[PDB]
Q: 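After the structure tokens below, expect a handful of questions from me.
The sequence lines fix the lettering, A, B, ..., with proteins before strands; numbering per chain opens at 1. Indexing begins at 1, ligand by ligand and atom by atom, following the structure's order. These numbers come from the heavy atoms of this one structure, side chains and all, not from hydrogens, waters or symmetry mates.
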Protein chains: 2
Amino acid sequence: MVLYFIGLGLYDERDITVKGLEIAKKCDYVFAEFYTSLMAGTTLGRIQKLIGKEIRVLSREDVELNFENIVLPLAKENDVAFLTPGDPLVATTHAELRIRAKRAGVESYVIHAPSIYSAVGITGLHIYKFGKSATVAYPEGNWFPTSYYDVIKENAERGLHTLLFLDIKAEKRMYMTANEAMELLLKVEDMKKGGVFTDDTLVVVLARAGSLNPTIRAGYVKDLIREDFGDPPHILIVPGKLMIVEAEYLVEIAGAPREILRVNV
Amino acid sequence: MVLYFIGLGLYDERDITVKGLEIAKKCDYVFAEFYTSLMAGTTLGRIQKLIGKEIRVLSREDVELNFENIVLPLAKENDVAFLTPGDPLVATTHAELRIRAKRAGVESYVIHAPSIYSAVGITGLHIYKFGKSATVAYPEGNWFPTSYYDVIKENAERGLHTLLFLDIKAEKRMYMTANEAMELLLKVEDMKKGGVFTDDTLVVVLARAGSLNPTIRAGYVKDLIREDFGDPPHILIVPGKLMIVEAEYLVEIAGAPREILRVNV
Ligand SMILES: Nc1ncnc2c1ncn2[C@@H]1O[C@H](CSCC[C@H](N)C(=O)O)[C@@H](O)[C@H]1O
């Protein structure tokens, strides 16, 4: 009678930790959700084969609205697992589900997995230098989210990097590309004119982290906004003040313009 | 011709990903470094038995200085694995190793694993709300670092949470406890008088992240400074402004005082 939150990792079924796999193999029921992120290198069938269990996929509504009516009842009499892409508690609201579990008298444990939040280290940007993070959300009809613009501005004033999670509408198979994110940001810039995100802004794009051959690119918006970074998922980063070692890596590994090596002090 | 940077994860030998383990098992040579961080819940022997390959441990100098003299020459003609605690490249110096590999004409790939940066999500605090991060280091001789104090100040001023890594005597396997960190912070507060860290400051302690039985506690410094949080490692977090779900999680899961529920959003 327990509930395991288990992360599946960044890209494919092998991104789960050994700990996660062995525990999942011992569970009576295995649930999962694939709406918080996209695992571009695998399929539900491959994950099921690896774990050797049939997986019950839940929709956002199943979870947010009925987690305690679908999953918790079973966890009271069986060992249950709830799988999620990346790390289960990063850039999701699944942490709140641990409260529902507790109040239902169900013990829960968390098994971590690689997350895009730390995988950004592969960009060469100092991870301790990132400030507040935000999500570039899809406009919805007349509704046009812009709060993430203010996040970049706040971090930039402090010389900190900004990690921009890109939106995803799994049920509509909508996965925001770094290009779309840049386009939206430029539109927000035209509205706010804060001089935060322009054609001359240096950005970093990381696509399909977790794969052996992810796309890591750095350059000015005007040059990357029309570049093909490959299939999603994508994350966008707006660096703050670059240190020489960060610039060196972006140039050597991400093909950034050599001119960024000449940092401004 | 290939060099694999493989992360070992948070706590023990099972924290490596399936992908990382399977790749390591296929390598001709396997190196490991335990000077940037440590695997508190395991030993070199257990990691070695899990992979089934002999593992050669490298010192700080072996890597920082002679990486190209020890590892790269072998990577030129063989498949080589370089194991590191946590997630590869989260450690700042590791990024340049990829450049050295490139310079030496050796291909390198990164196999991610869980890192504290993403694992702190288990504290129930929103990952988006974390600001700049810092490390609390042992004062030694005529060196008493205090910059981490200013990081907290700047983050808190913006309502952001502050992730504080605690110092470690890598070679000696000696860890700074959350208790010692609180002591130091209270001392820095005395010589800073910024009202940033006091007996009434709410803090969160995360012990042994990655283990199946981590300790997660939250409360005011005055009440937690002398509490036993169990074996290391310990991570300290100074929350900024909480929203109600973060507060509820801390109360329900971390045993925080009900007082914190009067959030200030
Ligand atoms: N492997 C990956 N590569 C690049 N971006 C990724 C990624 N994983 C997810 N993302 C980005 O982040 C969004 C999901 S946010 C939730 C992520 C997950 N909990 C984790 O720990 O990784 C996606 O819409 C995408 O923009």
Q: Run the salt bridge (charged side-chain N to carboxylate O under 4.0 Å, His left out) test against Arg98(A) and tell me which residues pass, sequence neighbours left out.
A: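 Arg98(A) satisfies salt bridge (charged side-chain N to carboxylate O under 4.0 Å, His left out) with no other residue.
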
Q: For ligand 1, does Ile116(A) get within less than 4.0 Å through its side chain, its backbone, both, or neither, judged by non-hydrogen atoms?
A: both

Q: Partners of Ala81(A) by side-chain contact (heavy atoms from CB on, under 4.5 Å), sequence neighbours excluded?
A: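 With neighbours one apart ignored, the set is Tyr4(A), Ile6(A), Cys27(A), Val30(A), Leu83(A).
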
Q: Short list, please: which atoms of ligand 1 are under 4.0 Å from a heavy atom of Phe165(A)?
A: 12 (O), 15 (S)

Q: Quick test: of every protein heavy atom, which one is nearest to atom 21 (O) of ligand 1, and how far off is it to 0.1 Å?
A: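 I find the closest protein heavy atom is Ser115(A) OG, 2.6 Å.
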
Q: Please could you name the atoms of ligand 1 that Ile168(A) approaches to less than 4.0 Å, counting only its heavy atoms?
A: 24 (O)

Q: Ignoring angles and geometry beyond distance, decide whether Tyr117(A) reaches within less than 3.5 Å of ligand 1 through its nitrogen or oxygen atoms.
A: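 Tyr117(A) vs ligand 1: no N/O contact under 3.5 Å.
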
Q: Quick check for you: to the nearest 0.5 Å, what is the distance between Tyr29(A) atom OH and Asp79(A) atom CG?
A: 11.5 Å

Q: Return the residue, atom name and 0.1 Å-rounded distance of the protein heavy atom closest to atom 4 (C) of ligand 1.
A: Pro233(A) O, 3.5 Å

Q: Any N/O of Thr36(A) closer than 3.5 Å to an N/O of ligand 1?
A: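 Not met; the criterion fails.
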
Q: Do me a favour and list the nearest non-hydrogen protein atom to atom 8 (N) of ligand 1 with residue, atom name and distance?
A: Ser37(A) OG, 3.5 Å

Q: Before giving the answer on side-chain contact (heavy atoms from CB on, under 4.5 Å), spell out for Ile216(B) and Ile122(B) the whole-Å C-alpha distance, their side-chain angles and the decisive distance to 0.1 Å.
A: CA-CA 8 Å; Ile216(B) 311 180; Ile122(B) 200 172; 3.8 Å; yes

Q: Does ligand 1 come near enough to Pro114(A) that some N or O of the ligand is less than 3.5 Å from an N or O of the residue?
A: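 The answer is no, given that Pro114(A) and ligand 1 share no N or O pair closer than 3.5 Å.
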
Q: Take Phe67(A) and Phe82(A), measure what ring pair (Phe, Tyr, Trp, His ring centres under 6.0 Å) needs, and give me the verdict at the end.
A: CA-CA 10 Å; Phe67(A) 194 76; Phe82(A) 180 51; 5.1 Å; yes

Q: I need the nearest protein heavy-atom contact for atom 17 (C) of ligand 1: residue, atom name and distance, please.
A: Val90(A) O, 3.8 Å

Q: Consider ligand 1: state whether an atom of it lies below 4.0 angstrom from any non-hydrogen atom of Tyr11(A).
A: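 Judged by the 4.0 Å heavy-atom criterion, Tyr11(A) does not count as contacting ligand 1.
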
Q: Any side-chain to backbone donor/acceptor pair from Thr198(A) onto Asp200(A)? Under 3.5 Å, distance only.
A: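 Yes.
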
Q: Using 30° and 60° as the class limits, which term best fits the ring planes of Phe165(A) and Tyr117(A): parallel, tilted or perpendicular?
A: parallel

Q: Under 3.5 Å between some N or O of ligand 1 and some N or O of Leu10(A)?
A: yes

Q: Apply the test side-chain contact (heavy atoms from CB on, under 4.5 Å) to residues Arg60(A) and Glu33(A): give CA-CA distance (whole Å), side-chain angles for both, the deciding distance (0.1 Å), then the verdict.
A: CA-CA 8 Å; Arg60(A) 181 183 290 281; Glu33(A) 61 90 353; over 6 Å; no

Q: Identify, for atom 24 (O) of ligand 1, the protein heavy atom at the shortest distance, and state residue, atom and that distance.
A: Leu166(A) O, 2.6 Å

Q: Nearest protein heavy atom to atom 3 (N) of ligand 1, by residue and atom, and its distance?
A: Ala209(A) N, 2.9 Å

Q: Main chain of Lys241(A), side chain of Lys129(A): is a donor-acceptor contact present, judged purely on distance under 3.5 Å?
A: yes

Q: Which is it for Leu206(A) and ligand 1 at heavy atoms under 4.0 Å: side chain, backbone, both or neither?
A: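 Answer for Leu206(A): backbone.
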
Q: Any chance you could measure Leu166(A), atom CG, to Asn179(A), atom CG, to the nearest 0.5 Å?
A: 10.0 Å

Q: For the NZ atom on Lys132(B), are there more than 12 heavy atoms of other groups (residues, nucleotides or ligands in this structure) within a distance under 6.0 Å?
A: no

Q: With a 4.0 Å heavy-atom cut-off (strictly under), which part of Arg208(A) contacts ligand 1: side chain, backbone, both or neither?
A: backbone

Q: As an exercise, identify every atom of ligand 1 less than 4.0 angstrom from a heavy atom of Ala91(A).
A: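 Answer, ordered by atom number: 15 (S), 16 (C).
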
Q: What do you reckon, does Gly86(A) have a nitrogen or oxygen under 3.5 Å from a nitrogen or oxygen of ligand 1?
A: no

Q: Around atom 11 (C) of ligand 1, find the nearest protein heavy atom and jot down its residue, atom name and distance.
A: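 For atom 11 (C) of ligand 1, the nearest protein heavy atom comes out as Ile235(A) CG2, 3.4 Å.
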
Q: Would you mind checking which non-hydrogen protein atom is closest to atom 26 (O) of ligand 1, with the distance to 0.1 Å?
A: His234(A) O, 2.5 Å

Q: So, the side chain of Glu107(A) versus the backbone of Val2(A): is there a donor-acceptor pair under 3.5 Å, distance only?
A: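 The answer is no, because no donor-acceptor pair under 3.5 Å joins these two groups.
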
